[PDB]
$ cat final-v1.cif   # mmCIF, C-alpha atoms
data_input
loop_
_atom_site.group_PDB
_atom_site.id
_atom_site.type_symbol
_atom_site.label_atom_id
_atom_site.label_comp_id
_atom_site.auth_asym_id
_atom_site.auth_seq_id
_atom_site.Cartn_x
_atom_site.Cartn_y
_atom_site.Cartn_z
ATOM 1 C CA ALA A 8 63.816 145.875 37.631
ATOM 2 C CA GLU A 9 64.154 147.275 34.086
ATOM 3 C CA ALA A 10 62.046 144.689 32.461
ATOM 4 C CA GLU A 11 60.266 147.622 34.166
ATOM 5 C CA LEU A 12 61.073 149.904 31.211
ATOM 6 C CA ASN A 13 57.880 149.086 29.156
ATOM 7 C CA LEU A 14 55.161 146.661 30.193
ATOM 8 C CA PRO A 15 51.527 146.071 31.327
ATOM 9 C CA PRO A 16 51.025 144.360 34.725
ATOM 10 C CA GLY A 17 51.579 140.617 34.893
ATOM 11 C CA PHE A 18 53.789 140.759 31.815
ATOM 12 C CA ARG A 19 57.462 139.930 32.345
ATOM 13 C CA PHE A 20 60.403 137.905 31.035
ATOM 14 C CA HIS A 21 59.411 134.240 31.132
ATOM 15 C CA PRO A 22 60.994 132.685 28.017
ATOM 16 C CA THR A 23 60.799 129.126 26.858
ATOM 17 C CA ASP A 24 63.910 127.019 26.357
ATOM 18 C CA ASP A 25 63.554 127.468 22.595
ATOM 19 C CA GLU A 26 63.350 131.246 23.047
ATOM 20 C CA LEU A 27 66.320 131.596 25.396
ATOM 21 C CA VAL A 28 68.508 129.649 22.968
ATOM 22 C CA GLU A 29 67.138 131.003 19.688
ATOM 23 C CA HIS A 30 66.843 134.796 20.317
ATOM 24 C CA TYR A 31 69.336 135.291 23.196
ATOM 25 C CA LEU A 32 72.241 132.792 23.418
ATOM 26 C CA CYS A 33 72.316 132.278 19.654
ATOM 27 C CA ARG A 34 72.451 136.023 18.864
ATOM 28 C CA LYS A 35 75.162 136.743 21.433
ATOM 29 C CA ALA A 36 77.353 133.971 19.926
ATOM 30 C CA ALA A 37 76.653 135.254 16.415
ATOM 31 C CA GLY A 38 77.313 138.887 17.386
ATOM 32 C CA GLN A 39 73.707 139.850 16.680
ATOM 33 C CA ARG A 40 71.857 142.620 18.498
ATOM 34 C CA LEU A 41 69.747 141.142 21.348
ATOM 35 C CA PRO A 42 66.018 141.693 21.127
ATOM 36 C CA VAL A 43 66.430 143.681 24.365
ATOM 37 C CA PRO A 44 69.548 144.383 26.496
ATOM 38 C CA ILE A 45 68.382 142.720 29.707
ATOM 39 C CA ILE A 46 70.959 139.918 30.248
ATOM 40 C CA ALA A 47 73.865 141.008 32.510
ATOM 41 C CA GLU A 48 77.435 139.949 31.594
ATOM 42 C CA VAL A 49 79.559 138.670 34.440
ATOM 43 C CA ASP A 50 82.384 136.298 35.133
ATOM 44 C CA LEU A 51 79.785 134.083 36.886
ATOM 45 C CA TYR A 52 81.891 131.118 37.973
ATOM 46 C CA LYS A 53 84.048 133.536 39.950
ATOM 47 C CA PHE A 54 81.058 134.191 42.231
ATOM 48 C CA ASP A 55 79.110 132.806 45.182
ATOM 49 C CA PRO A 56 75.413 132.671 44.008
ATOM 50 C CA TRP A 57 74.134 135.009 46.746
ATOM 51 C CA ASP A 58 76.442 137.726 45.413
ATOM 52 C CA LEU A 59 74.920 137.291 41.936
ATOM 53 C CA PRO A 60 71.491 139.034 41.947
ATOM 54 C CA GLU A 61 73.648 142.104 42.643
ATOM 55 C CA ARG A 62 74.454 142.549 39.528
ATOM 56 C CA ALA A 63 71.697 141.130 37.363
ATOM 57 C CA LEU A 64 70.033 143.836 35.301
ATOM 58 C CA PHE A 65 66.474 142.927 36.410
ATOM 59 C CA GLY A 66 64.456 140.334 38.307
ATOM 60 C CA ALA A 67 63.063 139.631 41.761
ATOM 61 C CA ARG A 68 62.735 135.839 41.994
ATOM 62 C CA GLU A 69 65.092 134.678 39.173
ATOM 63 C CA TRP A 70 68.062 136.206 37.323
ATOM 64 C CA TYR A 71 69.717 135.997 33.901
ATOM 65 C CA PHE A 72 73.449 136.321 33.085
ATOM 66 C CA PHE A 73 75.753 135.916 30.086
ATOM 67 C CA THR A 74 79.018 134.387 31.391
ATOM 68 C CA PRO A 75 82.124 132.852 29.874
ATOM 69 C CA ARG A 76 82.771 129.083 29.988
ATOM 70 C CA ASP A 77 81.358 125.707 28.894
ATOM 71 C CA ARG A 78 81.388 123.752 25.601
ATOM 72 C CA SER A 84 79.223 118.673 29.319
ATOM 73 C CA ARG A 85 80.566 117.820 32.719
ATOM 74 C CA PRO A 86 79.108 116.890 36.055
ATOM 75 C CA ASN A 87 80.014 119.988 38.121
ATOM 76 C CA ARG A 88 81.452 123.472 37.635
ATOM 77 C CA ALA A 89 83.778 125.041 40.211
ATOM 78 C CA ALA A 90 82.792 128.551 41.352
ATOM 79 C CA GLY A 91 83.485 131.130 44.083
ATOM 80 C CA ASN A 92 84.082 129.611 47.503
ATOM 81 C CA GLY A 93 82.238 126.459 46.505
ATOM 82 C CA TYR A 94 81.102 124.534 43.453
ATOM 83 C CA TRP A 95 78.035 123.755 41.346
ATOM 84 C CA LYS A 96 76.876 120.151 41.056
ATOM 85 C CA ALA A 97 74.971 118.780 38.086
ATOM 86 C CA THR A 98 71.348 117.955 39.043
ATOM 87 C CA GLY A 99 70.472 116.131 35.844
ATOM 88 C CA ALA A 100 71.527 115.390 32.322
ATOM 89 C CA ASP A 101 72.184 117.824 29.506
ATOM 90 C CA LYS A 102 68.793 118.469 27.985
ATOM 91 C CA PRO A 103 68.579 119.050 24.237
ATOM 92 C CA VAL A 104 66.974 122.341 23.247
ATOM 93 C CA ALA A 105 66.235 122.309 19.563
ATOM 94 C CA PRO A 106 64.915 125.520 17.982
ATOM 95 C CA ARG A 107 63.928 125.720 14.327
ATOM 96 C CA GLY A 108 67.224 125.666 12.480
ATOM 97 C CA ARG A 109 70.154 123.282 12.767
ATOM 98 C CA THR A 110 70.481 125.320 15.955
ATOM 99 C CA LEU A 111 71.015 123.118 18.964
ATOM 100 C CA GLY A 112 71.159 124.255 22.577
ATOM 101 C CA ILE A 113 71.838 122.306 25.757
ATOM 102 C CA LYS A 114 70.447 123.149 29.194
ATOM 103 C CA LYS A 115 71.821 121.559 32.349
ATOM 104 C CA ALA A 116 70.705 122.050 36.010
ATOM 105 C CA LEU A 117 73.057 122.668 38.929
ATOM 106 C CA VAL A 118 73.003 123.146 42.691
ATOM 107 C CA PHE A 119 75.545 125.187 44.559
ATOM 108 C CA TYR A 120 77.518 123.709 47.428
ATOM 109 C CA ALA A 121 79.339 126.252 49.572
ATOM 110 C CA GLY A 122 82.705 124.766 50.492
ATOM 111 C CA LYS A 123 85.460 122.861 48.720
ATOM 112 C CA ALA A 124 84.631 119.412 47.343
ATOM 113 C CA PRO A 125 83.542 117.020 48.450
ATOM 114 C CA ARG A 126 83.106 118.586 51.899
ATOM 115 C CA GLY A 127 80.660 121.160 50.502
ATOM 116 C CA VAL A 128 77.138 121.815 51.828
ATOM 117 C CA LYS A 129 74.041 122.015 49.625
ATOM 118 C CA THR A 130 72.428 125.442 49.395
ATOM 119 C CA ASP A 131 69.082 126.331 47.818
ATOM 120 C CA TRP A 132 70.688 128.161 44.915
ATOM 121 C CA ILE A 133 69.815 126.669 41.576
ATOM 122 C CA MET A 134 71.181 127.410 38.125
ATOM 123 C CA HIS A 135 70.259 126.425 34.588
ATOM 124 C CA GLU A 136 73.247 126.688 32.299
ATOM 125 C CA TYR A 137 72.402 127.038 28.639
ATOM 126 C CA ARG A 138 75.263 126.441 26.204
ATOM 127 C CA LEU A 139 75.443 126.348 22.415
ATOM 128 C CA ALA A 140 76.193 122.771 21.863
ATOM 129 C CA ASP A 141 77.581 122.668 18.369
ATOM 130 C CA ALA A 142 74.516 124.702 17.061
ATOM 131 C CA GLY A 143 74.687 127.222 14.161
ATOM 132 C CA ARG A 155 77.741 129.995 17.284
ATOM 133 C CA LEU A 156 81.019 129.914 19.206
ATOM 134 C CA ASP A 157 82.503 128.674 22.489
ATOM 135 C CA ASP A 158 82.556 131.005 24.647
ATOM 136 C CA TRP A 159 79.323 132.374 26.091
ATOM 137 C CA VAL A 160 76.794 130.497 28.116
ATOM 138 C CA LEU A 161 73.484 131.892 29.350
ATOM 139 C CA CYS A 162 72.490 131.164 32.947
ATOM 140 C CA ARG A 163 69.250 131.508 34.923
ATOM 141 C CA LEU A 164 69.797 131.710 38.681
ATOM 142 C CA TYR A 165 67.399 131.516 41.625
ATOM 143 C CA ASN A 166 66.901 130.262 45.183
ATOM 144 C CA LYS A 167 64.463 127.413 45.879
ATOM 145 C CA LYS A 168 63.037 129.046 48.978
ATOM 146 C CA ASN A 169 62.507 132.310 47.108
ATOM 147 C CA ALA B 8 47.987 134.202 20.659
ATOM 148 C CA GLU B 9 47.305 137.953 20.980
ATOM 149 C CA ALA B 10 49.549 138.492 23.886
ATOM 150 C CA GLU B 11 51.141 138.402 20.402
ATOM 151 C CA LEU B 12 49.946 141.961 19.701
ATOM 152 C CA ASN B 13 53.073 143.754 21.146
ATOM 153 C CA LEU B 14 56.068 142.034 22.702
ATOM 154 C CA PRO B 15 59.803 141.108 22.518
ATOM 155 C CA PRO B 16 60.667 137.369 22.530
ATOM 156 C CA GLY B 17 60.483 135.546 25.845
ATOM 157 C CA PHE B 18 58.090 138.157 27.200
ATOM 158 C CA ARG B 19 54.551 136.974 27.930
ATOM 159 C CA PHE B 20 51.744 136.992 30.496
ATOM 160 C CA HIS B 21 53.084 135.414 33.680
ATOM 161 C CA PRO B 22 51.473 137.383 36.536
ATOM 162 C CA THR B 23 51.937 136.901 40.224
ATOM 163 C CA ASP B 24 49.017 136.142 42.518
ATOM 164 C CA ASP B 25 49.103 139.744 43.745
ATOM 165 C CA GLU B 26 48.974 140.992 40.148
ATOM 166 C CA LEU B 27 46.129 138.754 38.980
ATOM 167 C CA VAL B 28 43.995 139.881 41.922
ATOM 168 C CA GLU B 29 45.032 143.537 42.066
ATOM 169 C CA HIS B 30 45.002 144.643 38.372
ATOM 170 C CA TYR B 31 42.648 142.038 36.813
ATOM 171 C CA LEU B 32 40.014 140.482 39.129
ATOM 172 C CA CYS B 33 39.763 143.626 41.247
ATOM 173 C CA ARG B 34 39.225 145.942 38.244
ATOM 174 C CA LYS B 35 36.616 143.692 36.632
ATOM 175 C CA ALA B 36 34.613 143.636 39.909
ATOM 176 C CA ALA B 37 34.978 147.405 40.259
ATOM 177 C CA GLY B 38 34.033 148.043 36.615
ATOM 178 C CA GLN B 39 37.483 149.436 35.846
ATOM 179 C CA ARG B 40 39.165 149.181 32.455
ATOM 180 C CA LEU B 41 41.573 146.187 32.403
ATOM 181 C CA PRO B 42 45.213 146.979 31.784
ATOM 182 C CA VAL B 43 44.807 144.896 28.605
ATOM 183 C CA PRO B 44 41.769 142.993 27.225
ATOM 184 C CA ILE B 45 43.278 139.506 27.238
ATOM 185 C CA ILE B 46 41.016 137.563 29.666
ATOM 186 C CA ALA B 47 38.159 135.730 27.869
ATOM 187 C CA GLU B 48 34.658 135.753 29.433
ATOM 188 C CA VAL B 49 32.839 132.446 29.457
ATOM 189 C CA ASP B 50 30.299 130.529 31.448
ATOM 190 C CA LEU B 51 33.197 128.247 32.509
ATOM 191 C CA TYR B 52 31.452 125.789 34.816
ATOM 192 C CA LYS B 53 29.196 124.857 31.910
ATOM 193 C CA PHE B 54 32.240 123.380 30.142
ATOM 194 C CA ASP B 55 34.484 120.321 29.972
ATOM 195 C CA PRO B 56 38.100 121.668 30.388
ATOM 196 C CA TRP B 57 39.312 120.345 27.015
ATOM 197 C CA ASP B 58 36.680 122.496 25.301
ATOM 198 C CA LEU B 59 38.027 125.570 27.127
ATOM 199 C CA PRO B 60 41.269 126.641 25.355
ATOM 200 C CA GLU B 61 38.874 127.140 22.426
ATOM 201 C CA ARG B 62 37.845 130.048 23.442
ATOM 202 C CA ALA B 63 40.591 131.638 25.501
ATOM 203 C CA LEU B 64 41.864 134.816 23.880
ATOM 204 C CA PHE B 65 45.553 133.768 23.996
ATOM 205 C CA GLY B 66 47.918 131.137 25.368
ATOM 206 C CA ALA B 67 49.575 127.868 24.399
ATOM 207 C CA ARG B 68 50.276 126.051 27.677
ATOM 208 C CA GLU B 69 47.876 127.854 30.096
ATOM 209 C CA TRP B 70 44.669 129.890 29.716
ATOM 210 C CA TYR B 71 42.841 132.710 31.504
ATOM 211 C CA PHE B 72 39.053 133.226 31.794
ATOM 212 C CA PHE B 73 36.624 135.520 33.611
ATOM 213 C CA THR B 74 33.603 133.378 34.603
ATOM 214 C CA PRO B 75 30.572 133.778 36.830
ATOM 215 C CA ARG B 76 30.295 131.984 40.197
ATOM 216 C CA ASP B 77 31.955 131.639 43.621
ATOM 217 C CA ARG B 78 31.915 133.742 46.821
ATOM 218 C CA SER B 84 34.772 128.418 49.613
ATOM 219 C CA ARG B 85 33.722 124.873 48.965
ATOM 220 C CA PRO B 86 35.458 121.618 48.248
ATOM 221 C CA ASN B 87 34.385 121.020 44.618
ATOM 222 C CA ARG B 88 32.596 122.825 41.793
ATOM 223 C CA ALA B 89 30.289 120.974 39.394
ATOM 224 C CA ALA B 90 31.002 121.563 35.689
ATOM 225 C CA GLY B 91 30.230 120.164 32.218
ATOM 226 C CA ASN B 92 29.986 116.384 32.115
ATOM 227 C CA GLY B 93 32.059 116.091 35.269
ATOM 228 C CA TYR B 94 33.189 118.103 38.267
ATOM 229 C CA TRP B 95 36.186 119.947 39.706
ATOM 230 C CA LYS B 96 37.663 118.759 42.996
ATOM 231 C CA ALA B 97 39.509 121.009 45.415
ATOM 232 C CA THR B 98 43.246 120.139 45.519
ATOM 233 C CA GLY B 99 44.099 122.301 48.506
ATOM 234 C CA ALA B 100 42.911 125.038 50.779
ATOM 235 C CA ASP B 101 41.859 128.553 49.873
ATOM 236 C CA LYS B 102 45.076 130.519 49.760
ATOM 237 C CA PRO B 103 45.010 134.151 50.872
ATOM 238 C CA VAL B 104 46.232 136.615 48.260
ATOM 239 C CA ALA B 105 46.750 139.974 49.862
ATOM 240 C CA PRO B 106 47.661 142.907 47.598
ATOM 241 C CA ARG B 107 48.405 146.364 48.964
ATOM 242 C CA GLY B 108 45.025 147.683 50.020
ATOM 243 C CA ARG B 109 42.358 146.115 52.206
ATOM 244 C CA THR B 110 42.029 144.107 48.999
ATOM 245 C CA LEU B 111 41.887 140.406 49.684
ATOM 246 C CA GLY B 112 41.852 137.645 47.087
ATOM 247 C CA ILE B 113 41.552 133.886 47.479
ATOM 248 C CA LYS B 114 43.059 131.302 45.132
ATOM 249 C CA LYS B 115 42.033 127.655 45.254
ATOM 250 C CA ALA B 116 43.313 124.691 43.141
ATOM 251 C CA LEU B 117 41.092 122.118 41.445
ATOM 252 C CA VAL B 118 41.323 118.957 39.363
ATOM 253 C CA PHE B 119 38.715 117.923 36.865
ATOM 254 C CA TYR B 120 37.066 114.524 37.048
ATOM 255 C CA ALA B 121 35.142 113.528 33.935
ATOM 256 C CA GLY B 122 31.994 111.739 35.065
ATOM 257 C CA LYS B 123 29.332 112.242 37.714
ATOM 258 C CA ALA B 124 30.403 112.063 41.362
ATOM 259 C CA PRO B 125 31.778 110.140 42.955
ATOM 260 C CA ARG B 126 32.268 107.767 40.012
ATOM 261 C CA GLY B 127 34.370 110.366 38.171
ATOM 262 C CA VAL B 128 37.886 109.796 36.792
ATOM 263 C CA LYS B 129 40.814 112.153 37.395
ATOM 264 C CA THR B 130 42.076 113.995 34.328
ATOM 265 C CA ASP B 131 45.222 116.111 34.022
ATOM 266 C CA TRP B 132 43.279 119.353 33.752
ATOM 267 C CA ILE B 133 44.089 121.785 36.503
ATOM 268 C CA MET B 134 42.456 125.068 37.435
ATOM 269 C CA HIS B 135 43.255 127.902 39.816
ATOM 270 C CA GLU B 136 40.125 129.783 40.763
ATOM 271 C CA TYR B 137 40.712 133.296 42.006
ATOM 272 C CA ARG B 138 37.782 134.948 43.780
ATOM 273 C CA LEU B 139 37.386 138.288 45.537
ATOM 274 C CA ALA B 140 36.948 137.164 49.032
ATOM 275 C CA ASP B 141 35.371 140.120 50.740
ATOM 276 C CA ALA B 142 38.144 142.464 49.308
ATOM 277 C CA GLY B 143 37.561 146.138 48.332
ATOM 278 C CA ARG B 155 34.449 144.247 44.657
ATOM 279 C CA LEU B 156 31.314 142.176 44.081
ATOM 280 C CA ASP B 157 30.153 138.556 43.840
ATOM 281 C CA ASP B 158 30.007 137.624 40.806
ATOM 282 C CA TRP B 159 33.175 137.230 38.752
ATOM 283 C CA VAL B 160 35.987 134.843 39.396
ATOM 284 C CA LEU B 161 39.218 134.655 37.406
ATOM 285 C CA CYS B 162 40.489 131.210 36.421
ATOM 286 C CA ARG B 163 43.794 129.896 35.052
ATOM 287 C CA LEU B 164 43.455 126.562 33.254
ATOM 288 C CA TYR B 165 46.032 124.067 31.992
ATOM 289 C CA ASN B 166 46.858 120.383 31.525
ATOM 290 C CA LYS B 167 49.593 118.758 33.629
ATOM 291 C CA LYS B 168 51.039 116.822 30.719
ATOM 292 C CA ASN B 169 51.143 119.961 28.583
#

$ encode --input "final-v1.cif" --output "structure tokens"
Amino acid sequence: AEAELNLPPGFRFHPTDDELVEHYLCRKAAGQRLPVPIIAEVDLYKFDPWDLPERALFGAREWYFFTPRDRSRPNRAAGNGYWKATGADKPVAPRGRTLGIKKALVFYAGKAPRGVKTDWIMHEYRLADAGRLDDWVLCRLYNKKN
Amino acid sequence: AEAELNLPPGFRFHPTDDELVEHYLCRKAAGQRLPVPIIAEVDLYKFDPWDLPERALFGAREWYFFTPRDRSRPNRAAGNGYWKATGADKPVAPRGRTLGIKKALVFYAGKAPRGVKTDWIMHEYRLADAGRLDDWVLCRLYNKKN
């Protein structure tokens, strides 16, 4: 939607875990210029997931945000519901002593534990004692039934 | 590997079905210039899949070839083995009266039916009476355990 501002057909943003952490999350936490300004900044955990694509700077099937928060926890309260951890923190280990951590979540609309599973999924990527701060995480959102 | 000749990190070839058919297979069968010259041409069904990435013009996890052949069939003999259909032809219907067909295959090394399943997968994309010829198909190859 502004990954539209350059490319030949079939080319699009489809980073690896090493790339998301190394050239996006890392740089934002080090106050480095991003390779391109395509990740929207939002107070994400204040939202219901269906109000999120709003709002993203690009994307049709999946969306990318910089939000404030994490530093390991099953769950993450948000909007009029909560996110529930779908797996374990997964080490993401770029070249340096840089260390990322991705975790997968599912939104439940409603207050715990009487919440109901939706098809909204999120991958939260946090700098997990890498090096570069707290402070920012980088999230990829999307619905299972696209 | 030469999708390397341009782009910002996390950007790469990751086309949709509509895009593969519309701007790649279609153009090759109409003798139109490709948006970029990144699809290798090979006599694919003469090969064993592990000799294919050779050979591709780019790619680390998945690979794209233009090969001669199809026009619907469970199976496709190839190399010292055969490909076996993993599902049904799937309509791919870009904007025009253009109509593609993707089908999914699994290689079995060995002669039928005493062949043994490998983790090589292939998506064959053929122009299925679209419009533009026979003649070329467009294949995406990759191993399940990357």

$ closest_atom_pairs --input "final-v1.cif" --of "chain A" --to "chain B" --cutoff "7 Å" --atoms "only C-alpha atoms" --output "Markdown table"
| residue | atom | partner | partner_atom | distance |
| --- | --- | --- | --- | --- |
| A:15 | CA | B:42 | CA | 6.4 |
| A:16 | CA | B:26 | CA | 6.7 |
| A:17 | CA | B:22 | CA | 3.6 |
| A:18 | CA | B:20 | CA | 4.5 |
| A:19 | CA | B:18 | CA | 5.5 |
| A:20 | CA | B:18 | CA | 4.5 |
| A:21 | CA | B:17 | CA | 5.6 |
| A:22 | CA | B:17 | CA | 3.6 |
| A:23 | CA | B:17 | CA | 6.5 |
| A:26 | CA | B:17 | CA | 5.9 |
| A:42 | CA | B:15 | CA | 6.4 |

$ residues_near_point --input "final-v1.cif" --point "(29.8, 119.8, 38.2)" --cutoff "9 Å" --atoms "only C-alpha atoms" --output "PDB file with C-alpha atoms, in the coordinates of the input"
ATOM      1  CA  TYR B  52      31.452 125.789  34.816  1.00  0.00           C
ATOM      2  CA  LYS B  53      29.196 124.857  31.910  1.00  0.00           C
ATOM      3  CA  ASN B  87      34.385 121.020  44.618  1.00  0.00           C
ATOM      4  CA  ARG B  88      32.596 122.825  41.793  1.00  0.00           C
ATOM      5  CA  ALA B  89      30.289 120.974  39.394  1.00  0.00           C
ATOM      6  CA  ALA B  90      31.002 121.563  35.689  1.00  0.00           C
ATOM      7  CA  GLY B  91      30.230 120.164  32.218  1.00  0.00           C
ATOM      8  CA  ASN B  92      29.986 116.384  32.115  1.00  0.00           C
ATOM      9  CA  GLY B  93      32.059 116.091  35.269  1.00  0.00           C
ATOM     10  CA  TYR B  94      33.189 118.103  38.267  1.00  0.00           C
ATOM     11  CA  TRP B  95      36.186 119.947  39.706  1.00  0.00           C
ATOM     12  CA  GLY B 122      31.994 111.739  35.065  1.00  0.00           C
ATOM     13  CA  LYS B 123      29.332 112.242  37.714  1.00  0.00           C
ATOM     14  CA  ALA B 124      30.403 112.063  41.362  1.00  0.00           C
TER      15      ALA B 124
END

$ residues_around --input "final-v1.cif" --residues "residue 59 of chain B" --least-positions-apart "3" --cutoff "9 Å" --atoms "only C-alpha atoms" --output "MDAnalysis selection string"
chainID B and resid 49 51 54:56 62:63 70 164

$ axis_aligned_box --input "final-v1.cif" --around "segment 70-94 of chain B" --padding-each-side "5 Å" --output "lines of an AutoDock Vina configuration file"
center_x = 37.3
center_y = 125.8
center_z = 39.7
size_x = 24.7
size_y = 29.4
size_z = 29.9

$ closest_residue --input "final-v1.cif" --among "A:32, A:64, A:100, A:37" --to "residue 137 of chain A" --atoms "only C-alpha atoms"
A:32

$ closest_residue --input "final-v1.cif" --among "A:133, A:162, A:36, A:113" --to "residue 57 of chain A" --atoms "only C-alpha atoms"
A:133

$ closest_residue --input "final-v1.cif" --among "B:8, B:33, B:118, B:47" --to "residue 158 of chain B" --atoms "only C-alpha atoms"
B:33

$ residues_around --input "final-v1.cif" --residues "segment 101-112 of chain A" --least-positions-apart "6" --cutoff "6 Å" --atoms "only C-alpha atoms" --output "PyMOL selection string"
chain A and resi 25+138-140+142-143

$ atom_distance --input "final-v1.cif" --atom1 "atom CA of residue 132 of chain B" --atom2 "atom CA of residue 85 of chain B"
18.8 Å

$ atom_distance --input "final-v1.cif" --atom1 "atom CA of residue 66 of chain A" --atom2 "atom CA of residue 160 of chain B"
29.0 Å

$ atom_distance --input "final-v1.cif" --atom1 "atom CA of residue 115 of chain A" --atom2 "atom CA of residue 84 of chain A"
8.5 Å

$ residues_near_point --input "final-v1.cif" --point "(70.4, 122.4, 38.0)" --cutoff "8 Å" --atoms "all atoms listed in the file" --output "list in words"
residues 96, 97, 98, 99, 115, 116, 117, 118, 133, 134, 135 and 136 of chain A

$ closest_residue --input "final-v1.cif" --among "B:35, B:68, B:126, B:114" --to "residue 167 of chain B" --atoms "all atoms listed in the file"
B:68

$ closest_residue --input "final-v1.cif" --among "A:129, A:163, A:34, A:155" --to "residue 72 of chain A" --atoms "all atoms listed in the file"
A:163

$ closest_residue --input "final-v1.cif" --among "B:61, B:74, B:28, B:9" --to "residue 44 of chain B" --atoms "all atoms listed in the file"
B:9

$ decode --input "final-v1.cif" --residues "segment 86-103 of chain B" --atoms "C-alpha atoms" --output "PDB file, in the first residue's frame"
ATOM      1  CA  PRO B  86      -2.071 -36.945 -11.664  1.00  0.00           C
ATOM      2  CA  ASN B  87       1.741 -37.258 -11.897  1.00  0.00           C
ATOM      3  CA  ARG B  88       4.610 -36.099 -14.103  1.00  0.00           C
ATOM      4  CA  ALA B  89       7.607 -38.341 -14.810  1.00  0.00           C
ATOM      5  CA  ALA B  90      11.013 -36.731 -14.182  1.00  0.00           C
ATOM      6  CA  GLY B  91      14.710 -37.589 -13.748  1.00  0.00           C
ATOM      7  CA  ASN B  92      15.317 -40.844 -11.905  1.00  0.00           C
ATOM      8  CA  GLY B  93      11.889 -40.664 -10.309  1.00  0.00           C
ATOM      9  CA  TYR B  94       8.510 -39.015 -10.729  1.00  0.00           C
ATOM     10  CA  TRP B  95       6.320 -36.230  -9.350  1.00  0.00           C
ATOM     11  CA  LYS B  96       2.980 -37.129  -7.782  1.00  0.00           C
ATOM     12  CA  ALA B  97       0.003 -34.796  -7.677  1.00  0.00           C
ATOM     13  CA  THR B  98      -0.695 -33.622  -4.091  1.00  0.00           C
ATOM     14  CA  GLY B  99      -4.030 -31.988  -4.823  1.00  0.00           C
ATOM     15  CA  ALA B 100      -6.354 -30.778  -7.506  1.00  0.00           C
ATOM     16  CA  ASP B 101      -5.701 -28.205 -10.196  1.00  0.00           C
ATOM     17  CA  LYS B 102      -6.435 -24.891  -8.552  1.00  0.00           C
ATOM     18  CA  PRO B 103      -7.947 -22.123 -10.669  1.00  0.00           C
TER      19      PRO B 103
END
